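Colleague: Chains as they are written, first to last, in PDB author numbering: chain G, 43 to 124, 198 to 300, 325 to 355, 357 to 396, 410 to 491; chain H, 2 to 52, 52A, 53 to 82, 82A to 82C, 83 to 100, 100A to 100L, 101 to 128, 133 to 214; chain L, 3 to 9, 11 to 27, 31 to 91, 96 to 106, 106A, 107 to 209.
Okay, handing you the structure first.
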Amino acid sequence: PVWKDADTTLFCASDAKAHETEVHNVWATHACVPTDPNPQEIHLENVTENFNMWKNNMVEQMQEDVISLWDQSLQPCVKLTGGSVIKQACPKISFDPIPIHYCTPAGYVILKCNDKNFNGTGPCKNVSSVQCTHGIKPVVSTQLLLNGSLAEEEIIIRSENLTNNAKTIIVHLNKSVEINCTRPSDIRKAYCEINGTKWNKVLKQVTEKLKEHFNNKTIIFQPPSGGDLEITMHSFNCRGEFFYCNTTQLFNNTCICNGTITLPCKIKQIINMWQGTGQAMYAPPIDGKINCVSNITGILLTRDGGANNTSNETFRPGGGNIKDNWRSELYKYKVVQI
Amino acid sequence: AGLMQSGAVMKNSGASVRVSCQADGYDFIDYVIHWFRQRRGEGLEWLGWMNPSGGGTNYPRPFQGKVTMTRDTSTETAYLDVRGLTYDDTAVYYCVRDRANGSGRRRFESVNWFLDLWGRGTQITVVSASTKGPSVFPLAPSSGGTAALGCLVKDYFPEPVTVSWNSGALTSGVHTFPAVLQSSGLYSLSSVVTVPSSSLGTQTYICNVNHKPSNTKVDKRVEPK
Amino acid sequence: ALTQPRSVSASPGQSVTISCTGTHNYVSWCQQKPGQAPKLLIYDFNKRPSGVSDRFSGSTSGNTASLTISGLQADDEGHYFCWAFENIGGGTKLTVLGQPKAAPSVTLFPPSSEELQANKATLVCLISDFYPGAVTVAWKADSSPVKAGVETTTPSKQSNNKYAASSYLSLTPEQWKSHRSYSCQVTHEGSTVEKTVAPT
Ligand SMILES: *[C@@H]1O[C@H](CO)[C@@H](O)[C@H](O)[C@H]1NC(C)=O
Ligand SMILES: *[C@@H]1O[C@H](CO)[C@@H](O)[C@H](O)[C@H]1NC(C)=O
Ligand SMILES: *[C@@H]1O[C@H](CO)[C@@H](O)[C@H](O)[C@H]1NC(C)=O
Ligand SMILES: *[C@@H]1O[C@H](CO)[C@@H](O)[C@H](O)[C@H]1NC(C)=O
Ligand SMILES: *[C@@H]1O[C@H](CO)[C@@H](O)[C@H](O)[C@H]1NC(C)=O
Ligand SMILES: *[C@@H]1O[C@H](CO)[C@@H](O)[C@H](O)[C@H]1NC(C)=O
Ligand SMILES: *[C@@H]1O[C@H](CO)[C@@H](O)[C@H](O)[C@H]1NC(C)=O
Ligand SMILES: *[C@@H]1O[C@H](CO)[C@@H](O)[C@H](O)[C@H]1NC(C)=O
Ligand SMILES: *[C@@H]1O[C@H](CO)[C@@H](O)[C@H](O)[C@H]1NC(C)=O
Ligand SMILES: *[C@@H]1O[C@H](CO)[C@@H](O)[C@H](O)[C@H]1NC(C)=O
Ligand SMILES: *[C@@H]1O[C@H](CO)[C@@H](O)[C@H](O)[C@H]1NC(C)=O
């Protein structure tokens, strides 16, 4: 065995049905390969290897794939960009993401870190060799991470550096909490339901760990300070509808109120294109009950700078870089060539 | 690669102002932008940063509510807003691109903020407007270790005042300082003459101050005691 | 939040060192010339980007980082500053000596009779005839430092290529007649002079 870190074009694999109209299947039948039946892992005994989740090329290829899945699937009636405007036909689609696996070609292999407190950047004691990652759902969402993998043992805090306030911090939860979003049978308005008891228990635990990493300082949360609608609220796609939820009450400092927390959301039809660019118009929503249950597995936060001369650290929710989503799922993988 | 900032602006107490930074030569949408402030005589202060991709921001507690940063990605332009202008806010404001932070591929590999590309700065001057001609006062000479005497020109607006000595015939060792803008939004300036001590009681010195904005001409003789 | 010395000077062909004291955190350096926009020189204590001269170098030793400039040229005349994230130093004027150093005359003028007849008290301190053009002006009431009411002007070239500066301390007569002593303290290339004045 002789290897070195390398960057290569991976290929995706999935268990898409070839006879499906749901668009993640349509896209994976042509873009990916069938997933391997009986797959092999081999533990590399007494091997220690340094991973680094914040510099990892898998994350970038997975972004390009997801970008290109959305551009093929989402059908906005109008697209308006730098002077342009294209009107098209915009039927509604069957939307629900499916697990994707990422796989090395010949001559390369994917190292996977099995050390279960692994924050994402250190050296790793219990390394494995695999041909594919596990099944990652390409769900895009801001503020909260949905339908992801859980932390194995203790809640984990990831960041390229906590002392640099310009770097996103990613909290990976112990134990998931359901978020139930529903537009029922004026018609843009919906809401999400969260069990306040479970959630606050978890949020208390998340502050105790943030306290660990900030020299037992006083931790408080605050609404996002600025930016576009997609980052200042928990945004996401359910069944092709673009939901935007005010999550202010999710971070209620006062009570670290324990019935059900209900967040006000709206289904929007004008959305910014997350290919930077411009905006896209979508058709008004379905009739009947649009309903999505999702595990909350992670949160993306930003620490407020200044405040060295103080006794408190303040955090605000916010995504914006969809790539950190991917990082929260690929932090244990690294591609090498033999 | 370059940042082109907007020209200098003048405002009164209260009010708001907006100053822009126009990127060119590079992909504005990657890379974070910080703003920075320098008051006259002080060092730079950090005002916050703004990720032009999603518009996310981060301001130190002393400036949240007083500063806001925004952008327009279609023209690749950053914007800084200073609300509730006080005389403290008179300063030089700088926008800068940090190649170490941002979305997309070309982060530069520096753990510190890589404050790479700087604009030239925009001057925000807070002058409580109105007018007000100045009052002129003698800096009288008193206590080899020769003589210096002069003129204090206090509380006027706007610039400028002209100062001269003996209606322009004295030019030897005279030096009129720049005006300084005080807490009151009014300017003040001083002018001096080094003279040989053997000339007090025999050579005579007059301040000639002229402020045309308010029709004011004063002649103030400086006597020692 | 990072100290830094206010001025530093040396002559062509020599070398100088700017320091800032205050962090153990990665520090980078910038050089702002007159008329131009700042440019990065050193990052992360001692690294150089491509396109920066080998005369610039960086070093750190327990809570103080240093920028060192070898083989000084007069194009290096400028302002130099450091940061460790949002922790910034006050900046240092670097002068490449183009003429012999000259200490300042300072004279401190008390409130004129005529301004006190108008209920105002302006102390004015005029510093003149110095090179390099960088000084510190500190007001003292009796023995104590003064923070409020101080407006100082930046050194501007005199009529003979030396520098002058002016400083003003604005008081009401109450606070004026409440100290018995007031002084202007001017520091220049190490040496301080203090002129004192009294309600008399
Ligand atoms: C190494 O990783 C495997 C994953 O299959 C895990 O089951 C095992 O407990 C790990 N070993 C140690 C010592 O943690
Ligand atoms: C992650 O762990 C490594 C050691 O394994 C440590 O050097 C690094 O500071 C840690 N980072 C965070 C964000 O905890
Ligand atoms: C939600 O969380 C439960 C753990 O209680 C897990 O078994 C289930 O797979 C999760 N659903 C997802 C990830 O869609
Ligand atoms: C959650 O993590 C905390 C500390 O991070 C720990 O005390 C607790 O046992 C964990 N809970 C679960 C369900 O693993
Ligand atoms: C989600 O909410 C709907 C309507 O409020 C409810 O009927 C449904 O049972 C909920 N689902 C879960 C898993 O709680
Ligand atoms: C919320 O979770 C708690 C567990 O802490 C449990 O009683 C139940 O699942 C929920 N309670 C209510 C009142 O909804
Ligand atoms: C934890 O931090 C607080 C500071 O907010 C301090 O007052 C308290 O004593 C600390 N607790 C312990 C057990 O040290
Ligand atoms: C969410 O609601 C709270 C209080 O009503 C506050 O954070 C903010 O006004 C709302 N956020 C929006 C409208 O984006
Ligand atoms: C926090 O919880 C309780 C609600 O029962 C109350 O103190 C307050 O209204 C809440 N804060 C919010 C909703 O921002
Ligand atoms: C999360 O998984 C559930 C279960 O399949 C699905 O119904 C829901 O749409 C998913 N949420 C998102 C945002 O993809
Ligand atoms: C930021 O984190 C790195 C670890 O990757 C550490 O070396 C560095 O000291 C931290 N920041 C500063 C300013 O030192």
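Cβ atoms here follow ideal geometry from the backbone N, Cα and C, with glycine treated the same way.
Establish whether the CB of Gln171 of chain H and some CB of chain L are separated by less than 8 Å.
Modeller: Cβ-Cβ to chain L under 8 Å: yes for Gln171 of chain H.
Colleague: Could you run through the region 112-125 of chain H and flag, in chain order, every residue whose CB is less than 8 Å away from some CB of chain L?
Modeller: The residues in question are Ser120, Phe122, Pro123, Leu124 and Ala125.
Colleague: Count Cβ pairs between the region 227-245 of chain G and the region 71-81 of chain H that sit closer than 8 Å; are there 3 or more?
Modeller: Not touching, per the Cβ criterion.
Colleague: Confirm the yes/no value for this check: CB of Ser481 of chain G, any heavy atom of ligand 3, distance under 7 Å.
Modeller: No; taking the cut-off as 7 Å, the Cβ of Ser481 of chain G has no heavy atom of ligand 3 nearer than that.
Colleague: At what residues does the alpha helix (DSSP H) containing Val341 of chain G begin and finish?
Modeller: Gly335 to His352 is the span of the alpha helix (DSSP H), which, as asked, contains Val341 of chain G.
Colleague: Measure the beta-carbon distance from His85 of chain L to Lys103 of chain L and round it to whole angstroms, keeping in mind my assumption that it falls under 8 Å.
Modeller: Yes, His85 of chain L and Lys103 of chain L are in contact; Cβ-Cβ is about 6 Å, under 8 Å.
Colleague: For ligand 5, list every residue whose C-beta falls under 7 Å from any of its heavy atoms, going in chain order.
Modeller: That query returns the following residues: G:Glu293, G:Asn295, G:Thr297, G:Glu332, G:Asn444 and G:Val446.
Colleague: Output the distance between the C-alpha atoms of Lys290 of chain G and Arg469 of chain G, rounded to the nearest integer angstrom.
Modeller: Approximately 21 Å, taken between the alpha carbons.
Colleague: Nearest-angstrom Cα distance between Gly68 of chain L and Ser188 of chain H?
Modeller: If I take the Cα positions, the gap works out to 58 Å.
Colleague: Return the residue from the list G:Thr51, G:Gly473, G:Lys46 and G:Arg379 that minimises the CA-CA distance to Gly441 of chain G.
Modeller: For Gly441 of chain G, the nearest C-alpha among the options comes from G:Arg379.
Colleague: From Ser127 of chain H to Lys214 of chain H, what does the alpha carbon distance come to, in whole angstroms?
Modeller: If I take the Cα positions, the gap works out to 6 Å.
Colleague: Since I believe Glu123 of chain L is in contact with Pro119 of chain H (beta carbons under 8 Å), could you give me their beta-carbon distance rounded to a whole number of angstroms?
Modeller: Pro119 of chain H to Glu123 of chain L, Cβ: 13 Å. No contact.
Colleague: Which residues in the same chain as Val121 of chain H place their Cβ atom closer than 8 Å to its Cβ, once the five residues preceding and following it in sequence are excluded?
Modeller: Closer than 8 Å at Cβ, skipping near neighbours: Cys140, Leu141, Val142, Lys143, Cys196, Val198, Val207 and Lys209.
Colleague: Per DSSP, which one or two residues make a beta bridge with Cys119 of chain G?
Modeller: In DSSP, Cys119 of chain G forms no bridge with anything.
Colleague: Please check if any C-beta of chain G sits within less than 8 Å of the C-beta of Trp36 of chain H.
Modeller: No, its Cβ sits nowhere closer than 8 Å to a Cβ of chain G.
Colleague: So that I know if they touch, is there some Cβ in chain H lying closer than 8 Å to that of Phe91 of chain L?
Modeller: Output row for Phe91 of chain L: interface = yes.
Colleague: If distances are taken between C-alpha atoms only, which option among H:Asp86, H:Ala136, H:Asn155 and H:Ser177 comes closest to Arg19 of chain H?
Modeller: Minimum Cα distance to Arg19 of chain H is reached at H:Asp86.
Colleague: Leaving out five residues before and five after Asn393 of chain G in sequence, what residues of the same chain have Cβ atoms less than 7 Å from its Cβ?
Modeller: The answer, listed in chain order, is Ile360 and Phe361.
Colleague: Compute the distance between the beta-carbons of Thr68 of chain H and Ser21 of chain H, then report whether it is under 8 Å.
Modeller: No; because the gap between Cβ atoms is not below 8 Å, this pair is not in contact.
Colleague: How big is the Cα-Cα spacing for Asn280 of chain G and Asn97 of chain L?
Modeller: If you take the alpha carbons of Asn280 of chain G and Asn97 of chain L, they lie about 12 Å apart.
Colleague: Output needed for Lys343 of chain G: all residues of its chain with C-beta closer than 7 Å, excluding positions within five of it in sequence on either side, in chain order.
Modeller: Excluding residues within five positions, the ones whose Cβ falls inside 7 Å are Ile396.
Colleague: Taking only beta-carbon positions, decide if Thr205 of chain H is within less than 8 Å of chain G.
Modeller: Chain G, which has no Cβ nearer than 8 Å to the Cβ of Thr205 of chain H, makes this no.
Colleague: Enumerate in chain order the residues of its own chain whose CB-to-CB distance from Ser274 of chain G is below 6 Å, with the five nearest sequence positions on each side excluded.
Modeller: Correct list, in chain order: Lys282 and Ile284.
Colleague: Rounding to the nearest angstrom, what Cα-Cα distance links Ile424 of chain G and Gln432 of chain G in this structure?
Modeller: Distance between the alpha carbons of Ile424 of chain G and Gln432 of chain G: 6 Å.
Colleague: Pick helix, strand or coil for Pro470 of chain G, following the three-state DSSP scheme.
Modeller: Looking at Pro470 of chain G - three-state DSSP - the assignment turns out to be strand.
Colleague: Confirm, please, whether the CB-CB distance from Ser176 of chain L to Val159 of chain L is below 8 Å.
Modeller: The answer is yes: Cβ separation under 8 Å.
Colleague: If you run the structure through DSSP and keep just helix, strand and coil, what is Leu111 of chain G?
Modeller: Here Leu111 of chain G sits in helix by DSSP.
Colleague: Does any residue of chain G bring its CB to less than 8 Å from the CB of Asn169 of chain L?
Modeller: Cβ-Cβ to chain G under 8 Å: no for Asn169 of chain L.
Colleague: Starting from the N-terminal end, write out each residue whose C-beta falls within a distance shorter than 7 Å of any non-hydrogen atom of ligand 9.
Modeller: Matched residues: G:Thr388, G:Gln389, G:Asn392, G:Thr394, G:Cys395 and G:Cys410.
Colleague: Just the Cα atoms here: how many angstroms apart are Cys205 of chain G and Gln117 of chain G?
Modeller: Using only the alpha carbons, I get a separation of about 5 Å.
Colleague: So, for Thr205 of chain H: in the same chain, excluding its five sequence neighbours on each side, which residues have a beta-carbon less than 6 Å away from its beta-carbon?
Modeller: These residues qualify, in order along the chain: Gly118.
Colleague: Would you grab the beta carbon distance between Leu52 of chain G and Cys218 of chain G for me? Rounded to a whole angstrom, and I think it's under 8 Å.
Modeller: With 8 Å as the limit, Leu52 of chain G and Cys218 of chain G qualify as a contact, their Cβ atoms being about 6 Å apart.
Colleague: If you follow the alpha helix (DSSP H) that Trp36 of chain H is in, where does it begin and where does it stop?
Modeller: Looking at the DSSP string, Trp36 of chain H is not in any alpha helix (DSSP H); the run it does join, the beta strand (DSSP E), is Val33 to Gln39.
Colleague: Would you mind giving the Cβ-Cβ distance between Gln258 of chain G and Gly472 of chain G, rounded to the nearest angstrom? I have them listed as a contact below 8 Å.
Modeller: 6 Å between Cβ atoms; contact.
Colleague: Here's the rule: buried if 16 or more other CB atoms are within 10 angstroms of the residue's CB, otherwise exposed. What is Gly174 of chain H?
Modeller: By the 10 Å Cβ count, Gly174 of chain H comes out buried.
Colleague: Out of L:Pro164, L:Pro40 and L:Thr145, state which residue places its alpha-carbon closest to the alpha-carbon of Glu83 of chain L.
Modeller: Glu83 of chain L has its Cα closest to that of L:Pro40, out of L:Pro164, L:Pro40 and L:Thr145.
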